[PDB]
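In the text below, chain A, chain B and the rest are named by the order of the sequence lines, each starting its count at 1. Just so you know, ligand 1 is whichever comes first in the structure, and atom 1 is the first atom listed for that ligand. Basis for what follows: all heavy atoms, side chains included, without hydrogens, waters or symmetry-related copies.
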There are 4 protein chains.
Amino acid sequence: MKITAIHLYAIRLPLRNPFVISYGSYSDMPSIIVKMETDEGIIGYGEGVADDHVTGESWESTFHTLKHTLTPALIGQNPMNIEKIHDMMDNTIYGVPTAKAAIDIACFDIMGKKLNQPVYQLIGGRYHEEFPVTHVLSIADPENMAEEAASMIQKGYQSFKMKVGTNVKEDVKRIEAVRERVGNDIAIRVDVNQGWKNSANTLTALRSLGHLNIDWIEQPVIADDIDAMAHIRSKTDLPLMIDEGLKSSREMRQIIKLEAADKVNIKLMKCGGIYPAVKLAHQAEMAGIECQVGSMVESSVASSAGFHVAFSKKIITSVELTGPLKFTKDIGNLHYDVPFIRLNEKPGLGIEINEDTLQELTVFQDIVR
Amino acid sequence: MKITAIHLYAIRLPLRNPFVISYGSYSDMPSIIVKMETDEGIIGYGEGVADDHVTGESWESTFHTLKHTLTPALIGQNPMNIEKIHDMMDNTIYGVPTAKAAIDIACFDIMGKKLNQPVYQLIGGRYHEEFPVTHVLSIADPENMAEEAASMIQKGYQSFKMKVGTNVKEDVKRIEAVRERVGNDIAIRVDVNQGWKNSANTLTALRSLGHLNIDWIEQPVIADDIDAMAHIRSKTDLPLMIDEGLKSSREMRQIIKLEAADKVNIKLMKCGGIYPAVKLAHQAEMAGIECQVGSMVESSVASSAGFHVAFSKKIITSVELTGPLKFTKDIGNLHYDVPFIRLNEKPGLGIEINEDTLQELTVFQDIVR
Amino acid sequence: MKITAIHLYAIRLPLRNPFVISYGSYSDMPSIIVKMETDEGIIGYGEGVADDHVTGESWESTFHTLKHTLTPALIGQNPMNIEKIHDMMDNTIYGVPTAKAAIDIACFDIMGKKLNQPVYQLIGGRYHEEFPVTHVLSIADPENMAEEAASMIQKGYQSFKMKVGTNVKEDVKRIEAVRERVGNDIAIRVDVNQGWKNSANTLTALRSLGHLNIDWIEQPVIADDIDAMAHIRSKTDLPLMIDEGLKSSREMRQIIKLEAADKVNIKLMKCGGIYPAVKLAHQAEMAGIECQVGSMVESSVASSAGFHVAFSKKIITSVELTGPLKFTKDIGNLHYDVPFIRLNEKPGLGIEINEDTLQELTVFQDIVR
Amino acid sequence: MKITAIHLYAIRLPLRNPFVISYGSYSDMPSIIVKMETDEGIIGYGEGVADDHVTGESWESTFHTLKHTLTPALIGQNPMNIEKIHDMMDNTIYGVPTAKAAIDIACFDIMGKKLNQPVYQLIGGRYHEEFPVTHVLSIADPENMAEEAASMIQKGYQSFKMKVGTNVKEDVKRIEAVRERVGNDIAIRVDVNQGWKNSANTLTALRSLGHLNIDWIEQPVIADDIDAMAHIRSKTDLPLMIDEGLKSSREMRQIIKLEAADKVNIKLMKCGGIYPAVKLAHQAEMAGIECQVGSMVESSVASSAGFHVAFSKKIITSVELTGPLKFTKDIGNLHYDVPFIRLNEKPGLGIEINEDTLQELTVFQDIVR
Ligand SMILES: N=C(N)NCCC[C@H](NC(=O)CCC(=O)O)C(=O)O
Ligand SMILES: N=C(N)NCCC[C@H](NC(=O)CCC(=O)O)C(=O)O
Ligand SMILES: N=C(N)NCCC[C@H](NC(=O)CCC(=O)O)C(=O)O
Ligand SMILES: N=C(N)NCCC[C@H](NC(=O)CCC(=O)O)C(=O)O
Ligand SMILES: [Mg+2]
Ligand SMILES: [Mg+2]
Ligand SMILES: [Mg+2]
Ligand SMILES: [Mg+2]
C-alpha cells in the first residue's frame with residue numbers, strides 16, 4: 001500500500017450561532033481537508049482546524065505547509081507506517097501540529113478501511129461504551145448564558161462548559177447566574193481561555209467560586225505560564241485543567257515535573273494527530289493525570305478521530321468534540337445521541353464524506369502527486 | 001471474535017550452555033506457554049518466562065496464577081480489546097507482569113493473524129529495518145570470558161554484553177581481559193545485575209573502567225535503590241542503564257523524576273506484555289531516555305513479541321533477545337541473521353509453533369474454558 | 001534445632017457476613033497455613049492470607065511458591081536464625097511478602113515455644129497492656145452502615161472504621177449518616193481503599209468531611225501514587241494514613257522522603273512477617289510517623305502474630321486485626337475482650353490449633369521434607 | 001523476673017600503649033561497670049565508656065547519672081521488657097546514651113542467661129560466621145606509623161585503621177608512608193576524628209589520596225556539620241563514613257535526608273545500647289547505608305555486646321571493637337582469633353567476669369536498691 005496522491009481542500013464550516021471565547025469570536029470555522037489516495041484504491045480523509053492563538057498556525061499557512069512542505073515527501077510511503085511518517089514529518093518541520101494532524105488522521109482512516117476495523121480498535125480497542133456530551137456556552141451576559149443553559153437542559157443536556165474570561169467580577173457574575181438557574185445537580189465546568197492572565201487574578205476569582213460546585217477550572221492563566229498553574233494548584237482545592245498550556249510532550253513533561261494540573265485537555269490539533277495524542281495519554285497516565293479529548297470545533301472528520309482516541313483509553317474520562325452539533329453544514333455524518341455520544345463499528349473513522357458538500361464549502365483546492 | 005479456551009503448558013527450554021549471572025545460574029529456562037483459541041478458529045501463542053529475582057514470580061506460581069486467577073475471566077472477551085483486557089487483569093490482580101505478558105502476547109498474535117498483519121504493523125508500523133545482535137558472555141574467569149569473545153567474533157558478532165557482579169576487583173579484571181582481547185573497535189556493554197550493591201562500590205569500580213570504552217553500565221546497584229543510580233549518575237560520565245530497577249510505569253515515573261538513568265531496559269516480562277511495553281516506550285521518549293528491549297532469555301514466542309515492539313519505535317535503539325540462539329530446542333522458528341536480526345512480514349508474531357516440540361518440552365498442562 | 005518438615009494447608013475461612021470494600025467483596029477468606037516441624041519436636045504455625053489486589057499474590061500462587069520455591073531450601077535451617085532465613089528467602093525470590101510471612105510467623109511461634117516466652121517478649125517485650133478494638137463497617141447504603149454501627153455500639157464498640165470508595169457524593173453521604181447516628185463521641189476513621197483515585201477527587205471529598213470529626217482518612221488514592229498522598233497532605237489538616245501504598249522498606253523510604261503521610265498501616269502480609277514488620281516500625285519511628293498494625297482479615301494465627309508486634313512497640317498506637325471476630329470457624333483460639341484486646345503470657349503465639357478444624361477447612365495440602 | 005539491685009563500679013582499664021587520636025590522648029580508659037541483680041538470682045553485666053568529646057558524658061557524670069537518675073526507677077522492672085525500660089529512661093532524661101547503654105547491655109546479658117541463648121540469637125540470630133579484625137594505628141610520625149603497621153602485619157593483621165587529623169600536609173605524609181610500607185594488598189581506612197574541620201580542607205586532602213587505595217575516609221569534618229559531609233560526598237568518589245556526626249536516630253534521619261554518607265559507624269555508647277543500635281541498623285538498611293559497629297575502646301563486656309549486634313545483621317559489614325586487645329587488664333574474657341573474631345554460643349554476652357580483677361580496677365563503687 002502506497003500513497004499515490006493527496007488532495008487538499010481549503011473550506012469553511014458555517015456555524016449556526018457565533019462562537020465566542022475570551023480571545024476571539026467566530027462566525028464560521030476555516031478548515032483544511034485532506035483526501036489521501038492509495039495505489040490500492042483506499043481513500044482516507046483527514047482534517048486540520050487551525051487556531052492561530054494556540055499553535056501559531058492559520059487556515060492559509062496550514063494549506064501551504066501541507067502543499068509545499070509535508071505532503072511531497074509522503075507520496076510513495078505506506079500510510080500504516082505511522083511512527084515512520086511522523087518521524088519524517090518531524091524531521092522536515094518542527095511544530096505545525098495542526099498540519100501534521102490532517103495527515104495523521106487520513107492515514108488512520110485508511111488503515112481502518114484496509115483492515116476493516118474501526119480506528120479505536122487499532123489503538124487499544126473499545127474501552128468506553130459512551131460519553132456524556134457537554135454543551136459549550138459562549139461568553140455573554142450572565143442572563144443570556146443562564147437562559148441558553150435552561151433552554152439546552154430542555155434538550156436533554158446535563159453537563160455544561162461555561163466560557164468566560166473578560167473581567168473577574170463579570171465572569172463570577174456569569175457563573176453565579178447560570179448555577180442559580182440550572183440548580184445544583186447540573187454539571188458545570190468553567191473555561192477561562194487564559195482570560196485571568198495570572199495566579200493573583202485567578203485566586204481572587206476562585207474565592208467566589210467555592211460554593212458553586214464547579215467540576216474544574218480550565219486554563220485560567222496565559223498558556224506559557226505553567227509555573228502560575230502550579231502556584232494556583234498549591235493554594236486551591238478546585239480541580240485545575242490545562243489546555244492551551246499543553247500541546248506536545250514538551251509541555252506534558254513540564255506539567256508532570258511541576259505538578260501543575262489535575263487534568264489536561266488533549267487535542268489532536270495541538271499535538272499532531274491520533275498517534276501523538278495516544279502518546280500523550282500514556283504519559284499522563286504515568287503521572288495519574290486525568291485526560292480529556294477536546295477540540296477546536298471541527299467537522300465530523302477530526303471530531304470522529306478525537307472520539308476514537310477517547311473511547312480506547314481508560315485515562316480519558318471526558319470528551320469535548322461538538323463541532324458537528326454546531327455547524328449548519330458538515331462534510332461528514334458523525335452520529336450523536338445527545339446527551340450522549342457512542343461510536344459505531346464502521347471501519348476507519350466510520351463516516352461517509354459527502355463530496356458535494358465538500359466542494360460546496362471549498363474556497364480553493366489543489367492536489368499533490 | 002471471542003476467546004473460547006486457553007491452553008497452559010509448563011515447559012522447560014534446554015540451554016546449550018549454562019547461563020551465569022550475578023544472582024543465579026541456569027541450566028535450562030522454565031517457561032509457561034499460552035495457547036489462546038477463539039470462536040473464529042484463530043489461534044494465538046503467548047509466553048511467560050518468570051525471573052523470581054526480578055518480579056516475584058516463579059514457573060509454578062505463574063502457571064497457577066494464569067489458571068485460577070487470570071484466564072477464567074478472559075473467556076468470552078475479544079482479544080483485540082487489549083486496553084480492556086489489561087484493565088480487567090489489573091483489577092483482578094496487582095503486578096504479576098510475567099503472567100499478564102503471556103496473555104497479552106497471545107492476544108496480539110491473534111490480532112495480527114486476524115488482520116493478516118505483522119504485530120509491529122499494528123503498534124506503529126515498521127520503523128527499524130534491522131538491529132545488530134549482541135552476544136551475552138556469562139560470568140567466568142577473565143581468561144575464559146575473553147576466549148569466548150574471540151571465538152564469537154569469528155562467528156560474526158561485533159557487540160558483546162559482559163555479565164559481571166561478584167567482586168569489584170575481579171569484575172574489573174574480567175572487563176580488562178575481554179577488552180584487551182577483542183581490541184577497541186568491538187562494542188562492549190557491562191551488566192552487573194545488582195552485583196555492586198551501592199553507589200560507593202559502583203563509583204570505585206567506574207574509576208578503573210574509564211579507559212575501556214564501555215558503551216554503558218547496566219544496573220550496578222540493587223533494583224529498589226533508584227536514589228543510588230541518580231547519585232552515581234551525578235558523579236560519572238559513563239552511560240547508565242537501569243534494568244531490574246524498572247518494571248512498570250511506577251518506576252519509570254521515579255526514574256524520570258530523579259533523573260536516575262540514561263537508558264532503560266524494557267522487558268515484556270517485567271511490565272505485562274506488548275501493550276504496556278509500548279506505554280513505557282512513550283513515557284521514556286517524553287524524558288528523552290533511550291530504550292532497549294531486553295529479555296529473560298525466552299523462546300521464539302516472547303522473543304518475537306519483543307522484536308515487534310522494538311522495530312516499531314524510534315526511541316528503542318537496541319535489542320537483547322537471544323533465547324532462540326541459546327536453546328538446544330525451541331517451540332518456535334524465529335529467524336536470525338547473526339550479526340543481525342530482521343523481522344519478516346508474516347502475520348501476528350510471524351512464527352510457526354512446532355506442537356510436537358511443545359508437547360515434548362511440556363512437564364504439565366491444563367485447559368481453561 | 002533444625003526444620004525437619006513443613007506442612008502446607010490450603011484452607012478457606014468462612015465469614016459470618018460478606019466483607020465488602022472498594023475493590024472487592026468476600027464471602028470467605030482463602031488462607032494458607034504452615035505447620036513447621038523441628039528435630040526437637042517443637043511445632044510452629046504460620047499463616048498467609050493473600051490479597052491479590054495488594055501484593056500480587058493469590059491463594060493458589062502462595063501455596064505453590066511455598067511448596068516449590070521457599071520451603072525446600074529451609075529444611076535443615078534453624079528457625080531462630082530469622083535474619084538468615086529472611087535473607088535466604090529474599091535471595092531466592094523478590095517480593096511475595098505473604099508467602100514469606102507464613103514462614104516467618106511459624107519460626108517465631110517455634111522460637112517462643114522453645115524459649116517458653118510469648119513472641120512479644122522476644123521482640124522488645126511488653127509495652128502495651130491493651131488496645132481498643134475497632135469494628136469495620138463494610139460498604140453499604142448510608143442507612144445500613146449507620147444501623148450496624150448503632151447495633152455494634154450496643155455490643156460495646158466505641159471505635160469504627162468506615163469502608164467507602166464508590167463515588168465521592170455517596171461516600172460523603174455514608175459518612176454523614178453514620179456520624180449523625182452515633183453522636184460525636186464515637187471514634188470514626190475512614191478507609192477508601194484507593195476508591196477516590198487521585199488528589200483532586202480526594203480534596204473535593206475532604207471539603208465535606210471537616211466538620212465530622214474523622215480521626216483519619218486511609219489510602220484515598222491508588223497505591224502507587226505516593227506523590228498524590230504528599231500533595232493531598234499539603235492541602236488538608238485531616239490526618240492521612242497510607243495502607244496499600246506501603247508494603248516494604250522501599251515505600252517507607254519514599255513516604256518518609258516525600259512526607260506523604262501522618263500514619264501508616266503496617267501488615268505482616270505486605271512486608272513478609274514479624275521480623276520485617278518490626279524493621280518497618282523502627283523506620284517509621286525515625287521519621288515520627290505513627291504506626292498501626294492492620295490485617296487482611298486473618299485467622300487467630302496471623303492475627304496473633306500481628307498483636308505480638310503491636311504490643312511490643314510504642315510507635316504502634318492502634319491495631320486492626322479482627323478476623324477471629326468475623327469468621328464462623330477459626331483454626332486458632334485467640335481470646336478477645338471486646339471492646340478491648342489483651343495478650344496472655346502463653347509461649348509463642350500463645351494459641352492452640354484445633355487440628356480437627358484445620359483439616360475440616362482444608363481443600364488441599366502437601367508436605368515438604 | 002525483677003531487678004532487685006544494681007551495683008555501680010567506677011573503674012579504669014589500663015592501656016598497654018597510649019591511644020592517640022585527633023582530639024585527645026589516652027593512657028587508660030575510665031569505664032563504669034553495671035552489675036544488675038534479679039529476684040531469680042540471674043546476674044547481668046553492662047558497661048559505659050564515656051567519650052566527653054562525643055556525647056557530652058564523662059566518667060564521673062555517668063556514674064552519678066546512673067546512681068541518682070536512671071537506676072532508681074529500674075528497681076522492680078523486668079529486664080526483658082527492653083522497649084519499656086528504654087522508654088522509661090528516655091522519659092526520665094534526654095540523651096546520656098553511654099549511661100543508658102550500661103543498663104541496656106546488662107539487661108540483654110540477663111535475658112540471654114535466662115533463656116540460655118547468646119544475645120545475638122535474641123536479636124535476629126546468627127548471620128555472620130566471623131569478621132576480620134582491624135588494627136588501629138594511633139597518630140604518630142609517618143615513619144613510626146608505617147613501622148608499627150609492618151610489625152602488626154607479622155602478627156597476622158591484614159586490615160588497618162589510620163588515625164590522623166593534625167595538619168593536612170602531615171596527615172597525607174602519614175598515609176603515604178604507611179601505604180608504601182605495607183604494599184597495595186593491605187586494607188587501609190583513614191579516621192580523621194573531625195581533624196580536617198570543613199569540606200575545603202577535606203577536599204584538598206582527598207586530592208592527594210586518590211592513588212592510595214583507601215577503603216574509606218571517616219569523619220573528616222566537625223561532628224555537627226552534616227551539610228559539609230554531603231557537600232564533600234558530592235565532589236569525591238572515595239567512600240565516606242560518619243562517626244561522631246551520628247549518635248541517635250535524629251542524626252540518621254538527617255544523614256539519610258541529605259545523602260551525607262556511604263557508611264556510618266554505629267556505637268552502643270552513642271545511641272544507648274543494643275536495642276537502639278539495632279534500630280539504627282534497620283534505619284540504615286532502608287537507605288542502603290552500609291554499617292559498622294565501632295567502639296570507644298571498651299572492656300570485654302561492652303565489646304561483646306557490640307559483636308552480638310554486628311553478627312546478627314547483614315547490613316553491618318565491619319566491626320571495630322578491639323579494647324580487649326589493647327588493655328593490659330580486662331574484667332572480661334572475650335576470645336579473639338586475630339586476624340579474626342568469632343562469637344561462641346555461650347548464653348548472654350557469653351563471657352565470665354573476673355570479680356577479683358573488677359575490684360582491683362575499681363576506684364569507687366555503690367549499690368542502688
Ligand atoms: N479557534 C478555533 N477554531 N477554535 C477554538 C476552540 C476552543 C476550544 N474548544 C471548545 O471550547 C469547544 C470544543 C467542542 O465542544 O468541540 C477550547 O476548549 O478552548
Ligand atoms: N532468570 C531468567 N530466566 N533470566 C534472566 C535473564 C537476565 C537478563 N537477560 C540477559 O542478560 C540476556 C537477554 C537476551 O540476550 O535474551 C538481563 O538483562 O539481566
Ligand atoms: N483481600 C483480603 N483478604 N483482605 C483485605 C482486607 C482489607 C484491609 N483490612 C480491613 O479493613 C480489616 C482489618 C481487620 O480488622 O482485621 C484494609 O485495611 O484495607
Ligand atoms: N574517648 C574514648 N574513650 N574513646 C574514643 C575512641 C575513638 C573511636 N574508636 C577507635 O578508633 C577504636 C575502636 C576499636 O577498635 O575498639 C573512633 O572510631 O574514633
Ligand atoms: Mg479549552
Ligand atoms: Mg540486565
Ligand atoms: Mg486499609
Ligand atoms: Mg571513628
Side-chain angles (χ1 to χ4, degrees), chain A residues 13 19 21-24 26 28-31 49-55 59 133-138 161 163 165 191-194 218-219 241 243-244 265 267 269 292-298 302-303 306 319-326, chain C residues 21-22 54 136 161 163 189 191-194 218-219 241-244 265 267 292 294-296 320, chain D residues 13 19 21-24 26 28-31 49-55 59 133-138 161 163 165 191-194 218-219 241 243-244 265 267 269 292-298 302-303 306 319-326:
Chain A
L13 298 153
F19 188 59
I21 59 179
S22 182
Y23 58 71
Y26 308 85
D28 67 15
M29 229 58 106
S31 175
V49 175
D51 183 327
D52 303 57
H53 311 287
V54 184
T55 64
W59 182 51
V133 181
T134 296
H135 177 72
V136 187
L137 299 164
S138 289
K161 169 167 174 173
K163 286 293 179 177
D191 187 352
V192 196
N193 279 298
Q194 314 178 60
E218 188 177 350
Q219 198 67 53
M241 178 186 281
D243 183 343
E244 294 97 307
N265 192 330
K267 299 183 187 180
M269 298 309 120
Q292 167 176 92
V293 173
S295 88
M296 300 300 194
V297 181
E298 313 141 3
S303 291
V319 291
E320 279 183 17
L321 302 107
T322 61
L325 298 174
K326 296 186 173 298
Chain C
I21 59 179
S22 182
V54 184
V136 187
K161 169 167 174 173
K163 286 293 179 177
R189 61 190 63 160
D191 187 352
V192 196
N193 279 298
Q194 314 178 60
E218 188 177 350
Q219 198 67 53
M241 178 186 281
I242 284 177
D243 183 343
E244 294 97 307
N265 192 330
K267 299 183 187 180
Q292 167 176 92
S295 88
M296 300 300 194
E320 279 183 17
Chain D
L13 298 153
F19 188 59
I21 59 179
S22 182
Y23 58 71
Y26 308 85
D28 67 15
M29 229 58 106
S31 175
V49 175
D51 183 327
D52 303 57
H53 311 287
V54 184
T55 64
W59 182 51
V133 181
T134 296
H135 177 72
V136 187
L137 299 164
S138 289
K161 169 167 174 173
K163 286 293 179 177
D191 187 352
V192 196
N193 279 298
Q194 314 178 60
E218 188 177 350
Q219 198 67 53
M241 178 186 281
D243 183 343
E244 294 97 307
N265 192 330
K267 299 183 187 180
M269 298 309 120
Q292 167 176 92
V293 173
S295 88
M296 300 300 194
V297 181
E298 313 141 3
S303 291
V319 291
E320 279 183 17
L321 302 107
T322 61
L325 298 174
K326 296 186 173 298

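Counting the atoms of ligand 4 from 1 in the order shown, those under 4.0 Å from a heavy atom of D:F19 are 6 (C), 10 (C), 11 (O). Taking a cut-off of under 4.0 Å to the non-hydrogen atoms of D:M29, the atoms of ligand 4 that pass are 3 (N). Below 4.0 Å from some heavy atom of D:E218 lie the following atoms of ligand 4, by number and element: 18 (O). Near D:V136, meaning under 4.0 Å from one of its heavy atoms, ligand 4 places the atoms 12 (C), 15 (O). Near D:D51, meaning under 4.0 Å from any of its heavy atoms, are these atoms of ligand 4: 1 (N), 2 (C), 4 (N), 5 (C). Here is the list of ligand 4 atoms found below 4.0 Å of a heavy atom in D:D243: 17 (C), 18 (O), 19 (O). When each atom of ligand 4 is checked for a heavy atom of D:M296 under 4.0 Å away, the hits are 2 (C), 3 (N), 4 (N), 5 (C), 6 (C). Set against the non-hydrogen atoms of D:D191, the atoms of ligand 4 under 4.0 Å away are 17 (C), 18 (O), 19 (O). For ligand 1 and A:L321, the ligand atoms under 4.0 Å from any heavy atom of the residue are 14 (C), 15 (O), 16 (O). Listed by number with element, the atoms of ligand 1 under 4.0 Å from a non-hydrogen atom of A:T322 are 14 (C), 15 (O), 16 (O).
Taken to the nearest 0.5 Å, the CD1 atom of A:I21 stands 5.0 Å off from the NZ atom of A:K163. For the atom pair OG of A:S295 and CG of A:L321, the computed distance is 4.5 Å after rounding to the nearest 0.5 Å. We find the CG-CD distance between C:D243 and C:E218 to be 5.0 Å, quoted to the nearest 0.5 Å. Going from atom CG of C:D191 over to atom CD of C:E244 covers 6.5 Å, rounded to the nearest 0.5 Å. To the nearest 0.5 Å, atom NE2 of residue A:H135 and atom OG1 of residue A:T322 are 8.0 Å apart. Atom OG of A:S303 is separated from atom CD of A:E320 by 12.0 Å, given to the nearest 0.5 angstrom.
At a 4.0 Å cut-off, at least one heavy atom of A:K267 sits close enough to ligand 1 to count as contact. Using a non-hydrogen distance threshold of 4.0 Å, A:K161 registers as a contact of ligand 1.
For the pair A:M29 and A:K326, the minimum side-chain heavy-atom distance is 4.5 Å or more. By the 4.5 Å heavy-atom criterion applied to side chains, D:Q194 and D:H53 are not counted as neighbours. Between A:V54 and A:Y23 there is a side-chain heavy-atom pair separated by less than 4.5 Å.
When the Mg ion (ligand 7) is compared with the N/O/S atoms of C:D191, atom OD2 turns out nearest.
Rounded to 10°, the angle that OD2 of C:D243 and OE2 of C:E218 form at the Mg ion (ligand 7) is 90°.
Atom 9 (N) of ligand 4 has as its closest protein heavy atom D:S295 O, 2.8 Å.
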Intermediate values then yes/no, side-chain contact (heavy atoms from CB on, under 4.5 Å), C:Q219 and C:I242: CA-CA 5 Å; C:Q219 198 67 53; C:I242 284 177; 3.4 Å; yes

Candidate pair A:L325 and A:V133, rule side-chain contact (heavy atoms from CB on, under 4.5 Å), full reasoning: CA-CA 10 Å; A:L325 298 174; A:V133 181; 4.1 Å; yes

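Among the backbone and side-chain atoms of C:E244, none of the N, O or S atoms lies under 2.8 Å from the Mg ion (ligand 7). For C:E320, every N, O or S atom stays at 2.8 Å or more from the Mg ion (ligand 7).
Only the side chain of D:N193 comes within 4.0 Å of ligand 4, counting heavy atoms alone; its backbone N, CA, C and O stay farther away.
Between the side chain of D:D51 and the main chain of D:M296, no donor-acceptor pair closer than 3.5 Å is present.
On a distance-only criterion, D:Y26 and ligand 4 share at least one N/O pair closer than 3.5 Å.
Between the choices A:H135, A:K163, A:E320, the shortest heavy-atom distance to atom 11 (O) of ligand 1 belongs to A:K163.
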